[PDB]
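Data first, discussion second: the structure below is written as structure tokens.
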Amino acid sequence: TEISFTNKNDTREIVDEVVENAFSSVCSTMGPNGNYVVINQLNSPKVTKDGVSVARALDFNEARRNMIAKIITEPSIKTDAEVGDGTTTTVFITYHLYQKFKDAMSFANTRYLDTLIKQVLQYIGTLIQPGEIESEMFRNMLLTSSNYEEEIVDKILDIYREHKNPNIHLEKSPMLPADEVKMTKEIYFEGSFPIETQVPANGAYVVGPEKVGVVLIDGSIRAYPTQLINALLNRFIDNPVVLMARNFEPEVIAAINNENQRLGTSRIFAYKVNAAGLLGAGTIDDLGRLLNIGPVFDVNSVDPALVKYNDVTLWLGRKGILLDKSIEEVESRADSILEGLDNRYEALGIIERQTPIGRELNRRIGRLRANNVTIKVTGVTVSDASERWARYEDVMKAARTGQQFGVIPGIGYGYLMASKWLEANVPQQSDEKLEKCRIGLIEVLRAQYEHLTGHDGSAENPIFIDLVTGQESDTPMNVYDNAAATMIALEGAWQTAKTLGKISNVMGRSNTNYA
Amino acid sequence: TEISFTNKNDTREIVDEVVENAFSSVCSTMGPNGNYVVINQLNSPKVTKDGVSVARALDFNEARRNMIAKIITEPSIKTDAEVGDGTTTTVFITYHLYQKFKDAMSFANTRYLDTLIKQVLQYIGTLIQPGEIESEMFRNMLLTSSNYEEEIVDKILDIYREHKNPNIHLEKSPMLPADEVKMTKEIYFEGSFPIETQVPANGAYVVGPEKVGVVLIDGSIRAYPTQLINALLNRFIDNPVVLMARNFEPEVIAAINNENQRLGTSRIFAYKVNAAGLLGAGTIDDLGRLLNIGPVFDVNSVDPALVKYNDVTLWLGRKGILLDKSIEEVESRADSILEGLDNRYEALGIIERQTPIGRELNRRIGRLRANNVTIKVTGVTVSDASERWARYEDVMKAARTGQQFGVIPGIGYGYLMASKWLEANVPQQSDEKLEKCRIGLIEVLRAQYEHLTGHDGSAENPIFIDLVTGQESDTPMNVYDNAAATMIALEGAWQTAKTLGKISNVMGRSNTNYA
Amino acid sequence: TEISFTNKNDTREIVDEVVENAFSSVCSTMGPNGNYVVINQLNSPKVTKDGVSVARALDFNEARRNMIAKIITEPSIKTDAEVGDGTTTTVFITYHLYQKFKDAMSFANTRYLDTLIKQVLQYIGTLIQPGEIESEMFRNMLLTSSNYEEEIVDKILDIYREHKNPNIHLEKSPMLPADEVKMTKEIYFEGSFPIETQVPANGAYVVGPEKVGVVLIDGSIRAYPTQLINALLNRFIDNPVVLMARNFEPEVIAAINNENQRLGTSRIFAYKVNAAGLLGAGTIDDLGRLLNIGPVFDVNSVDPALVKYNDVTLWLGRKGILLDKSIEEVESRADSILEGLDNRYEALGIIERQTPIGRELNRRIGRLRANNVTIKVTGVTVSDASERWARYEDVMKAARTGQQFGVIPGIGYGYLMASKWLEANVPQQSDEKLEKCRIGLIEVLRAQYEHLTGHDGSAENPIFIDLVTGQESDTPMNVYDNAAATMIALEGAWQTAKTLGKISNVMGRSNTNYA
């Protein structure tokens, strides 16, 4: 009376059965006619607009059906865990590419669906328009908040009414009053303690003295740095010898006794910086003498822990320098601004296609340079504080898109003009007739605008291939414009839902063990 | 055997049904023919007229229908949170606005439920005569209690036959005869302790010495005001300052030892004031100067704890001032009558349109100006005193809307003349055939006519449009007029009958997560 | 509950509904068009491909079908316990050997068939490519990753360039610079604690080897010595008394934790060794007389710790011993490998055929030699780091098998040189009609290549030279060459699928009891 081999037809019509009634709960709910769904709780019923929590609660009770829906819901909500909004297109064209019931073979109709979606990504990134200003973020907030609380919209318009991308703050309010927006000076990036005995403080880990001797070795110092025989002897009773590096902290974390238990009353300190990024020349550059600490040392195992060039109790600069769980420098002089302008024009160059890898020096640079704005809300109840927190997370990632990424034009416009492009690209019968059938099916990218204007009437997209829907235009019979979806959801979520449409049809069984 | 999807065929016939056997549940119990409903209890049955408990006990057995009807039983009690009555108006016309089964497209058949009910709100501001005389409350009380009990209504008509709407005190009475209506010498609000040392007396809570130098810090006091080091040391042995504070208690509440544990033999008192109201020009002017407690200090963040302005002795006057469990102050002097005239012109003059927000003096503001009336009623048992207590709170708030808002004429008046308003507004074929259909459906705001005169016969509405309708004329063979329905019910319960006959039609799913 | 007699056709169709739907489980998951299998957990699913984690999970609910699928899958996980792959080829070709089902009368053509399959395997052990150098192994690493990363590709080749046959390990670290090649001398073998009082350490269990007096029980400790305290008392602080025992510890340990933990409380060790093999007596001997454990003790439990043979304590050599969860060494210098591993290297003269006598033996004895490279993965994002993580995990297994088990031209090239070899046959042309039908179905040695291309098509027996051996290699329908499988898979899979096609039709019934 349970689940076992289902072969294949009770797992053919069990995956034709939950890509339908998890599709039809976010096919009606699209857009301005934003049809509600009541989700039960343990408690009283909640009623909702969007498919986010709907896909969270897509719970059947036959553990087969629930099991299979546990993957059609999963990246469609992980994508909005990333970017906030954009599920309702993913969980839509994951059914319009689940029309691929036959074409699961690796060579022909998925090499011409890797390359064809590759040209689609190419023409999209070509087609992307500079959605940067906040008066069309006023247009985006019409739908990304479901016009619920424009107070958070006014807050984030005050946020990026200040300089672009400061330390955008994360804070709720259990207390009642004081909506607060404070522009402060903070250069906050990661650096912590290896051992509690390495820190001058223990409460807030702040370095006690200023002008403190800091040794700077960025890369893998593979000398096994327990051999502090003259480098530590330069600063023997003087100051905490601070080392900052990447993640190469070897078993010398057990050889701390060679100074602490053995000779050496100094206050040695040696820990890593943020995770794997291209900042091998930047994450020591923002530290050092370019912002007045010390030498910008290359990723190398040279200049070991034995002896240094020179260390002094005049070593830091006359700015705000404190070790923390993530080390804090205030009053940055020039170099953070230099690397920030460098990666700013780097984030102006390749913003249009938006390939992050190669540009994700912007993982920190751009997050770091513009200083700090701290935020506080008014929470009258835990429930609506969490709701306005979720809406704050909606609008702040949308602001991240509208600044670092961009905002694409209208809704199916990047698909209907992609259908012009799939008239521009190869329309012939390719090396397989299934590939010609597949370009006949990737003619049907336009289903998103088709179904969206089927909320308003009528759903006749093939006339609208030619000229009528353009530009920033996916024309209903209302206004023809003033609707622009966001960008990186509509592109990366597009690609990972192509992976969804080719994965959930190449699924063909179900079993039950325990591992 | 549990929750699933229901769409559409299992959710058209699951929410087209629970606005029927929750429709006959509170449309039967209307009017003269008060066709009872047996509500089961934990015990023996209760038999009921009034639709409050009839809505509150709306319990099917399936979690689906229960889960749906939880949001149609909720505006019924939100009507009671608004005024107290109008529940069966709400459920009746949320079903006669459940004629939006299929009309979900964007422009026409939603904006003639937005703008058309906006014009009906315009004719609410136009139509409602402010009924202040109690001979129209006489017309209200014939049916507004569901023709059940007139003794408490006779009590409140004696109150409004005496000095109208005083501070009616709230207290039970465990004795059978002798309903007491007594007038005392009281201006009434309360005071208690957040901290055990913050009460002056321990025997009977009465402060010993009079002629207190009473300083006030009105705004957000982050210090939890232990700042009294000079104005308290000028009255070091005499008496404690009767202080008033705000609800902001930060981490300094452990640091109030600067007054508690340190010097100062004082007997200090501190408590909060009410929350913020949007008639701020009246609901802090009644607190600061009209009670004559102390100074009127402005809301700002200037003048820190270094030095203050002045402390005078003779700020108060020879009147009744005593601190107790509830503070007693008697004989306010000069501003009450002229201020009451000024604020009644301010709350009657330019708000003829009558939005509910904008005239919220009827919350409590007026029970602080007017002195006191203590009442003692026929209570012998918790159950029936609770029942007449619920009916008491139903009738007195409708009476206070008759005192501070007004009372519109009758039940058949506000739809059969607001259908003359749909001849004042456009009755022909509008800009869309969907708009023509929508005003043809709002032409059936005479369903109230049909429902009132179908208890007696007959519901022949096309003839009696022109001249018969006044007042309340949904023609019985009795009187044709002379009973009145209340005002803010037929506005606000009307508005939430619009929105919740606009919600529970388009909802088409019922899912589950579990917290 | 009613586990009973099936009789007997209900054991034809309790095994034809196990072997057939076990076959349609993992006959699709081969090849390019790998249709996934969704293994459940008792939580949310795990979507996988290979027949390893499918054949773990071929779990019908019924106790008859579980009973039958416990014999088709015990070779499927013993196959990849032996090497790492060959599972899906095993339990595929068991169904294509279980059309011998119809020829249940088998003893005439089982002396024939099983000797024929020996000659077929002899021909497969004629069709050899002993790929040990990086000539075509370069093509293998080129083909397993499409040259993903030349670090990931050529780095393990660089490990094989200098250091012979290492134990390769990999880790993660969120850092960019080069991978951490760690050629450190530790050799894995087994030993842990019976009681925490036995080990000198408790964090990492590391022994502190000095004057180490070891008494050796190499064998199964079966003489039940409770008398192990006399030489313990004679050798109390004179040495850390180390008794080595087998993994078969009897329940004398309940008479030891109350005896030797008590008075007579020296640093006593008595726990497990590795499994029953020649290095079961070899890992205690190469570190034995050479590096202070002791001379050869026979596989026995004779002469307990009344008194030792010799008091061998101070043989502390150029070595490092550390007890662990499994006790290992650090930097041994004696001829531990020159004692026996040269005999294993000349026993790698079999690796032409690589007979199963040896496929366990010389991996267990020979691959415990020297340095074991343990690295950490890099990658500028988490996602690509996980990608090259998994892909380096992939490539090290094929590299291990290429060093270990050879690399054959695979897909059907083994099987369809074999079927051509059986066309111009094993020269006894079958005069027996049973044997003639059986050689006609050992012409369904072709079905693995046939079905592997028949996911797309096409293999027929006059289409040898065109599609099978055109072009003269493993031929996918792009380039017709450059693919390779591991040779042990299409050797041992064929052997044990013969011993599952010999069962399961000479199976006739199904009883129950608990012994």
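What follows draws every value from the coordinates through simple rules; no lab data is involved. No Cβ is skipped: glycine too gets one built from the backbone with ideal geometry, and neighbour counts run over all protein chains shown.
Between B:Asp85, B:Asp10, B:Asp16, which is of a type in the set (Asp, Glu), touching an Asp or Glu at 6+ places or on another chain (Cβ under 6 Å) and on the phi < 0 side of the Ramachandran plot? Within the list B:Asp85, B:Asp10, B:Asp16, the selection yields B:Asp85.
Considering only residues in the range B:1-19 that are β-branched (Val, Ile, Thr) and out of contact with any helix residue (DSSP H, G or I) (no Cβ under 8 Å at 6 or more places or on another chain), the one that is nearest to the other protein chains (Cβ to nearest Cβ) turns out to be B:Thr1. Within the range C:60-89, the set of residues being charged (D, E, K, R) and either over 23 Å from C:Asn505 (Cβ atoms) or buried (at least 22 other Cβ atoms within 10 Å of the Cβ) (or both) comprises C:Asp80, C:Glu82, C:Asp85.
All of B:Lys325, B:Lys319, B:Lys308 fail the test of being out of contact with any strand residue (DSSP E or B) (no Cβ under 8 Å at 6 or more places or on another chain), among the basic types (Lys, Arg) and surrounded by 10 or more Cβ atoms within 10 Å (Cβ to Cβ), apart from B:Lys308.
Out of the residues in the range C:369-386 meeting the condition of being more than 9 Å from every other protein chain (Cβ to nearest Cβ) and in contact (Cβ under 8 Å) with a residue 12 or more places away in the chain, tell me which one is surrounded by the most Cβ atoms within 10 Å (Cβ to Cβ). Here the answer is C:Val377.
For (1) part of a helix (DSSP H, G or I); (2) free of Cβ contacts under 8 Å to residues at least 24 places away in the same chain; (3) among the hydrophobic types (A, V, I, L, M, F, W, C); (4) within 24 Å of B:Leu361 (Cβ to Cβ), each residue gets a yes or a no:
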{"position": "B:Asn109", "(1), (2), (3), (4)": "yes, no, no, no"}
{"position": "B:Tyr112", "(1), (2), (3), (4)": "yes, no, no, no"}
{"position": "B:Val120", "(1), (2), (3), (4)": "yes, no, yes, no"}
{"position": "B:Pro166", "(1), (2), (3), (4)": "no, no, no, yes"}
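In the range A:476-498, what residues are of a type in the set (S, T, N, Q) and away from every other protein chain (no Cβ under 14 Å)? Within the range A:476-498, A:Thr486 is the sole residue that qualifies.
When the range A:357-403 is filtered for residues that are part of a loop (DSSP other than H, G, I, E, B) and polar (S, T, N, Q), the ones remaining, listed by number, are A:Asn371, A:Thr378, A:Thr381. Quick check: anything in the range C:105-113 within 14 Å of chain A (Cβ to nearest Cβ) and either aromatic (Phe, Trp, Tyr) or touching a strand residue (DSSP E or B) at 6+ places or on another chain (Cβ under 9 Å) (or both)? Checked the range C:105-113: no residue is within 14 Å of chain A (Cβ to nearest Cβ) and either aromatic (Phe, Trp, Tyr) or touching a strand residue (DSSP E or B) at 6+ places or on another chain (Cβ under 9 Å) (or both).
Within the range A:351-368, the set of residues being away from every other protein chain (no Cβ under 14 Å) and over 20 Å from A:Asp286 (Cα atoms) comprises A:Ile351, A:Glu352, A:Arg353, A:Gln354.
Evaluation of B:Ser510 against the conditions (1) over 30 Å from B:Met396 (Cβ atoms); (2) surrounded by fewer than 18 Cβ atoms within 10 Å (Cβ to Cβ) shows that the sole unmet condition is (2). Restricting attention to the range A:24-59 and to residues that are hydrophobic (A, V, I, L, M, F, W, C) and surrounded by fewer than 18 Cβ atoms within 10 Å (Cβ to Cβ), the residue that is nearest to B:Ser510 (Cα to Cα) turns out to be A:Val47.
Kindly evaluate C:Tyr188 against the criterion of being among the aromatic types (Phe, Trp, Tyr), touching a helix residue (DSSP H, G or I) at 6+ places or on another chain (Cβ under 7 Å) and either assigned to a loop (DSSP other than H, G, I, E, B) or surrounded by 15 or more Cβ atoms within 10 Å (Cβ to Cβ) (or both). In short, no. State which residue is surrounded by the most Cβ atoms within 10 Å (Cβ to Cβ) when the search covers only the range A:259-282 and only residues that are touching a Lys or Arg at 6+ places or on another chain (Cβ under 7 Å) and closer than 14 Å to A:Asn343 by Cβ. Going through the qualifying residues, I end up with A:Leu279.
The one condition from (1) within 14 Å of chain C (Cβ to nearest Cβ); (2) over 31 Å from the mean Cα position of the chain (by Cα) that A:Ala424 does not meet is (1). A:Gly208 is checked against (1) in a strand (DSSP E or B); (2) surrounded by fewer than 15 Cβ atoms within 10 Å (Cβ to Cβ) and fails just one. What number does that condition carry? Failed condition: (1).
For B:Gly414, the conditions (1) in contact with a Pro (Cβ under 8 Å, 6 or more places away or on another chain); (2) more than 14 Å from chain A (Cβ to nearest Cβ) all hold with the exception of (1).
Anything in the range C:20-30 that is more than 24 Å from the chain's Cα centre (by Cα) and more than 8 Å from chain A (Cβ to nearest Cβ)? List them, or say none. Residue satisfying the conditions is C:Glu20 alone. Of everything in the range C:1-55, what is of a type in the set (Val, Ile, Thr), farther than 22 Å from C:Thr499 by Cα and in contact with a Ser or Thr (Cβ under 9 Å, 6 or more places away or on another chain)? Give them in sequence order. Passing the criteria: C:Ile3, C:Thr6, C:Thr29, C:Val37, C:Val38, C:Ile39, C:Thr48. Taking the criterion of being assigned to a helix (DSSP H, G or I) and either without any contact (Cβ under 8 Å) to a residue 24 or more places away in the chain or aliphatic (A, V, I, L, M) (or both), the residues of the range A:404-422 that qualify are A:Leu416, A:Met417, A:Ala418, A:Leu422.
Checked against (1) more than 17 Å from C:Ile256 (Cβ to Cβ); (2) without any contact (Cβ under 8 Å) to a residue 60 or more places away in the chain; (3) among the aliphatic types (A, V, I, L, M), C:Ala204 passes all but a single condition, namely (2).
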